[PDB]
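See structure below.
Each chain carries a letter (A, B, C, D and E) given by its place in the written order, and its residues are counted from 1.
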Amino acid sequence: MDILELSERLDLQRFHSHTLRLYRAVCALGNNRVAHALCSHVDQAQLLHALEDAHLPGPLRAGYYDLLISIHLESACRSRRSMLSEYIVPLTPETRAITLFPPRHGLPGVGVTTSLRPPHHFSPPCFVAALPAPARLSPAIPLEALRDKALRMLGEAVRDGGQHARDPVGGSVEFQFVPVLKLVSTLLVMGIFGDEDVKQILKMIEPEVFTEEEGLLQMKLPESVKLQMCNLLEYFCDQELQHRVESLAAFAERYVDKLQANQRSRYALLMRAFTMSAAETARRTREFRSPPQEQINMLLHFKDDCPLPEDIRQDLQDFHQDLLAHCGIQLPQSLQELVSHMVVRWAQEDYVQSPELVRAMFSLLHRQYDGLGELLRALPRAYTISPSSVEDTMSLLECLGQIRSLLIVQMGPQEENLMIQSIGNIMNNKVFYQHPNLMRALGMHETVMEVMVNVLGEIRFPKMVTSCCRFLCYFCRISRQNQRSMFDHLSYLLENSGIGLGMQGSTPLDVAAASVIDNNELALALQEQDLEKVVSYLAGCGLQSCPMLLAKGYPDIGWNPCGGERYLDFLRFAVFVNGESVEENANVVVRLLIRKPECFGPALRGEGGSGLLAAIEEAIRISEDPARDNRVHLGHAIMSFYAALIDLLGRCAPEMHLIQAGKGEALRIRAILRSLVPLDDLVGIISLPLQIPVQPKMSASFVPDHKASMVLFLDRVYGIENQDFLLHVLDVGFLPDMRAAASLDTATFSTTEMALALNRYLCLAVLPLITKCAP
Amino acid sequence: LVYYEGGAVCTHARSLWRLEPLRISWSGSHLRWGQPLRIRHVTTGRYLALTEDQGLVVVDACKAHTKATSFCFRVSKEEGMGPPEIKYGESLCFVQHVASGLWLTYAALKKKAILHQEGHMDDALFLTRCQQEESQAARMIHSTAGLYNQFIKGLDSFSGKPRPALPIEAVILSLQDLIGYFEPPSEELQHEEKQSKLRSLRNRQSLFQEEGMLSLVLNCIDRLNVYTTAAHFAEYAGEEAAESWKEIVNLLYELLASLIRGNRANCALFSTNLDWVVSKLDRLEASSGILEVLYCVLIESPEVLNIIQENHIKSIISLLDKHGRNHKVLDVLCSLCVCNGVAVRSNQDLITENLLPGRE
Amino acid sequence: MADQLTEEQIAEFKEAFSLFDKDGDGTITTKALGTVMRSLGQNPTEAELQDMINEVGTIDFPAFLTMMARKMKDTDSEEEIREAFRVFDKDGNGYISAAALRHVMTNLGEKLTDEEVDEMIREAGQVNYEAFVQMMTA
Amino acid sequence: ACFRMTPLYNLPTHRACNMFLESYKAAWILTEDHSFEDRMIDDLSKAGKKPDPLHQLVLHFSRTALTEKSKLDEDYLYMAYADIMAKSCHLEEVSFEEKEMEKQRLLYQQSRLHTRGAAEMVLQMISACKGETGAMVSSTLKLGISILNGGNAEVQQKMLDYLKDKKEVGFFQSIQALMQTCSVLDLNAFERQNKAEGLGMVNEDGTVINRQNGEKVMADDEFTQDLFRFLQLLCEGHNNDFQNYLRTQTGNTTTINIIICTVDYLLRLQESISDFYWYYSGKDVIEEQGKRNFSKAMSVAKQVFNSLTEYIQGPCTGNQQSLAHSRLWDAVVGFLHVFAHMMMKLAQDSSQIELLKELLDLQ
Amino acid sequence: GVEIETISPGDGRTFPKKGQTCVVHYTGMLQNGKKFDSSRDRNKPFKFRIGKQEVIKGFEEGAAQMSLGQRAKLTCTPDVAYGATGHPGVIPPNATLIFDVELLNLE
């Protein structure tokens, strides 16, 4: 039966409309393979004929238009809308040709803009190709006849509405205007329409204001088409703002060229000076020794000293006046006035009861009446890139779009593999390393953490989590500003990493640890709640063993040292910075550890009273027997946990100058640390020898780094001042290791990694200590 | 057992308590100190007493002596409306058994309650009021639970025993009136009134979910849907019950659909019992109710969608193929693909690879 | 912190790695890493390279980037001493006096205090430029 | 490292443009004073029955706030429009006629909003916060203080009418929770802030934003001042109805003593300021870094004391009796002790006369 | 295999040579008689190079047996074409495909 016959047949029309809805839903939010399947089910020509049809029912026509957009334009439109907010304008020769005013406002949305946007990727549908994972592209449309055909339908609908027919296409004015305007708005967002098409669309929008029939805003409209009109005006205003930003960047390039020439001239003049004064040389030193941000701040201060000639100041004032004139400050014939009057009239004529239309209309109203505020808000996302890195920046932007496309997709094998490939690609690009400000402005960290939280919320896909954590750690290591930005979400990350995954590789707790390192400001800004959560996790770590360890066949005990080792490492990183201890965080760490005795090992508990030396001896005995304990060995786990606890206690000790000053807090903390662990335990642990090479199992062996933590404790909290004490401890623990290293220095045992580890021990844990107390 | 739990249990129906004075005439007088009154649980209907069997243990109304279940109120340790008043929220009170005289305090956050002679200084309790909706819902929970337990016991009495009387009329009336009770608000009301009604409905559904009525409804409907056809139920039960069986099952499906309409917790509860719904989907009698149940579950809880595998999708396709061209199945299929802005790739692939390729 | 390196150095590192990145996965062998280092002209010792590799086969672009930054920190510090020597006195020929300290404190860029300048001078007309620079470097 | 800072001309243009953009947006367009709220509020309220665009906007915000949700999303549009409306009525010897004319102008500019339904929207959205701080609730409090500025009478009557008609209890719970969270001067934090301030103002190879990061102690000073000003303007004008309603609400299921909670916050602030004085008891002089924090705490104490006064003002027996039976006496004794010692410590020196003036004003 | 049922005559001399580009207008048809793919609907010739594995085996083998200007009906067995797994949601498993293809040019 004819598709037009469904007008009387209500049930079949309803079923077909919901079938189109299902077709859209299955091919919604990406899934280009399903889009190809729908292209098999619905041909390119069939869709085109239905779009131009006039007798088709309203719901069927709307469903067909929505199907076409959802299977042919949806993914590219989404990517372009994502890119619409980031302004990356290279300093191309075309960029420098951008003028704020035409050589009155020009037509919005027409002209040339050099803002860097990724191109669209399309694949023609051919369904006899050999069956072959690559990210399959969305289906392909001619996209050239579509432009003129959409313009033709828009013009025909405007003419028909002017004719005031009683039989509108689709049965209502809404079904005639809303879908075609949705298609036109999406095509404008995509940017396919050229200068002539944009000019014709502007003329159709308003015939009098935008002139270089009857206007479409002038005629009466219902709310549904008003929503699409509001979207269209929003897109046009966004284009105008983008043009303003591009012109501002062009003037920025011109003015910085002038300013750097003037600064070099001033440097030459200052160097030529011989006997000016004791202050003129001071002025030159202040201007030339300050950081470049400070210098550009001093030179740009001539408002309301400033070593700048009046010519450049007058030029900047002229540009400032031009920009204020463009914003509409003036301190209908233009876009701002037209949109404002249309919004006001729309609100006055009727009491609109659709919340989305009200929200969008008032959003435009605020955007138009506050242009300077909108420009100020949009400026942080703007950036300037050199013309020589445009290809690499385009690749980076394509990768960012790809990774952003996974924000609204449930995680699976193919998606996580493609996510890992994107992470590898963004690693291999050099722009990510050259410009950290650009990397933060695009804000890949936010969406990467969003994906990490989405997958985390047993955690599946562990490799992608590990690569995500590695990317976050490297982004922290890139720059200090990025370190601050990541630390701003430290509590969020710790909440995500409340329970250690235990998988090999990086963990979100490692991301947190790398987020605050080698920076005194972040450590001083470390709030109480994060440390309290960490110590609470450590305390809960002492009550039960690791479920993974139990499921791995390991003997069951009352706690899991492996789980707490990561928390001890994070605390150690958060206490000790730049070869120094921060008093404020050390105080908190000591008090929070001492409030809950369960944080310490069961041996150090007051009830059991096993003792640290006895605990380590029992650990060595357990490691001796394989039955009692890659595959993590329980003896090494307990040994490493106790070593990490000792290291945290030592690195948390007060600084020597604080002790010499006699401040009460430092003395009290040193006393409580001395009371916690006796010196006899330290000397006994140092007394314990280590197997030397037939090399022992390195993972299960007595690592010298345990003694490194022990000697760090000995050097920091107690110290060596008595001749008898130094001689005794030295004889008991220190000489045999040096003799063993000297014996192992032979070529046959020189290459052994046990010798290398013990060498790193001697030279970086004990030898400086012996050097310090040499006298 | 009687606990002193705090948190989400405060808003649930189990926290509600009723105070019934011993005297019947003028029982609505203000609560004066030392007045002999009883305390009963509004939902279970049991009566709290200090029985010698387990100390503080709540007991059924069949055995609750006055000397064993009476209670008194004292400010300190030491007809008509009558005495003025004791304040709500600002006046403290100490619970005390009338005969034993032992103070009420925590024995030991599921801390048990025992009547130790020493008690505690912080054992005082201050009273707060509950609105009409909570009390009405709790008493309805009590009545419906009793009636439904009697009905399910009668059902289990003759299980697998081909041949009292099941209260079919009372059960059917209860289902109809509960359907009327859980009716969604109409869209014609203004935003304020509609939002207030929706919030009240959500609170009522949460109270029913916490009270455990949903599990009992599942048990009843599972027991009733074991049988296949009305003649089969006629064989086991009789003609009179067989006549009403269709109405009972239809109303039970309707109530199950209504109890999980819009609330995320109720539909997320079905994250493990989805296979039951999918298996019982294919039944001929009472199909619209189970279809509506599945649609509500799929649209309300995003976490439910990840559980579905290929067999459930194939069963839905079978329903579409065997029950004509109805748009409700197709709406269910559409809701399967997308949930609140996130797309499930696996189920989309299964849908596009099961129904579409066949072209039939 | 990778911000120490200049864009020219990072471009040179990218080109050097791409010279041996024909695979495209980014993995570079330890011998390949040594060859890349030799191409960079560093010619590091085998023991030092092995220790650096073991500290952090599986060498990728970010790892070699961090290693090169750690290596070039030493060159930056080597130039820092000459920069400090030439900045303590512009002429650098016996021009050490309290006037230089006052000029430095007035326009240090970090807004130093007079008492702080006096303390720095005490750390150590007549003055020693090299000793003052060493005291400033602590 | 400051000596080895590279000059501007050696840097490439692609980054010099970046810092030029940063300096321009920081120093030139941000300081441009654009007064356009009045024009917007005049255009939207002209009405050219069908409500005017301003009434529709207020209704849309009320609808958004009334929607049930776990927490209201930070709506950029609502916060922006709320400021536009708020600054509009804030502002556009002196003789009696001029002062009366200015007051009448202020009442007209407030009537441009409170007859559209601004008070109901403000109460709805402050009640829907469920007791959580933020920038949006701060903007709501800004709008509230702007509407209630000058002790307007009809606005308070409309607020009372709506609050009694709705009989909602979450509004006072939200106020109680918000006041509970308000911070008080903390010695430990100040210590961290001043230790951080001792670091260099220039980081290695880049500027340091530690000064621009803001103080960590008394961060919510503006929020606390605005909340207490809103409360005192709510009870401004000797409105006995609110003076009896705030202490105890008869209609609502649960009564929350806002006045007692305010006294508790005042006591917490007293304890904090006494600890802060004890920290500066030994020192001969007062540093400016601590002086600024002391002045901020002094202003907060002044605001809360003015709020308490405005509660007390008028022959309200219930509030007076409730405050006589609270812990305000111990707080007042602690204030008297710390104030006396502070006056003597400041009088010992002569370079901190402004802090003494603030001390005397709060006294 | 494939059975070339000559629908229309074509120039006999011209035949496909390995390494040459072939432009075709195929109108795919499922075994049951339903239509799934049509190049003429897209209005774009399906350019493909003969001798490679870009195109399915049956269509390539038939194109080897085609001639310029000739029309034919090439039924393809399931083993030859998309055997036992089909393009998702396009071709059902173990179903034959029928193609209506005529050549435009060989260059």
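To be clear about the criterion, a residue touches a chain if its C-beta (ideal position, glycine included) is under 8 Å from a C-beta of that chain, and two chains touch if they have at least 3 such contacts.
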Chain pair with the most C-beta contacts: A-D
Chain whose Cα centroid lies nearest the overall Cα centroid: A
Distance between chain centroids, defined by C-alpha means - subunit B, subunit D (Å): 46
Distance between chain centroids, defined by C-alpha means - subunit A, subunit C (Å): 29
Inter-centroid spacing, subunit C versus subunit B (mean Cα positions, whole Å): 71
Whole-Å separation of chain centres (CA-atom averages), subunit D against subunit E: 77
Residues within subunit D bordering two or more other chains: 2-3, 5, 12, 63, 202, 205-206
Shared interface positions of subunit C, touching two or more other chains: 3, 7, 108-109
Shared-contact residues (touching 2 or more other chains) in subunit E: 88-90
All pairs of touching chains, each written as two labels joined by a dash: A-B, A-C, A-D, A-E, B-D, B-E, C-D
Residues on subunit D engaged by subunit A in the complex (per definition of touch): 2-3, 5-9, 11-32, 34, 36, 39-40, 43-44, 46-48, 50-53, 56-57, 60, 63-64, 77, 80-81, 84, 188, 191-192, 195-196, 199, 202-203, 205-208, 210, 216
Residues of subunit A defined as touching subunit D within the complex: 91, 248-249, 252-253, 255-257, 259-260, 263-264, 267, 288-297, 300-301, 303-304, 320, 323-324, 329, 340, 344, 347-352, 355, 358-359, 362-363, 365-366, 369-370, 372-373, 375-376, 379-380, 382-386, 437, 480-481, 520-521, 524-525, 583-584
Footprint of subunit B on subunit D - complex, ascending: 63, 66-68, 253-255
Complex contact set, residues of subunit A against subunit B: 11, 14-15, 18-19, 21-22, 25-26, 28-31, 33-34, 37, 41, 408-410, 412, 414-415
Subunit D-touching residues of subunit C, taken from the complex the two chains share: 3-4, 7, 80, 83-84, 87, 108-111
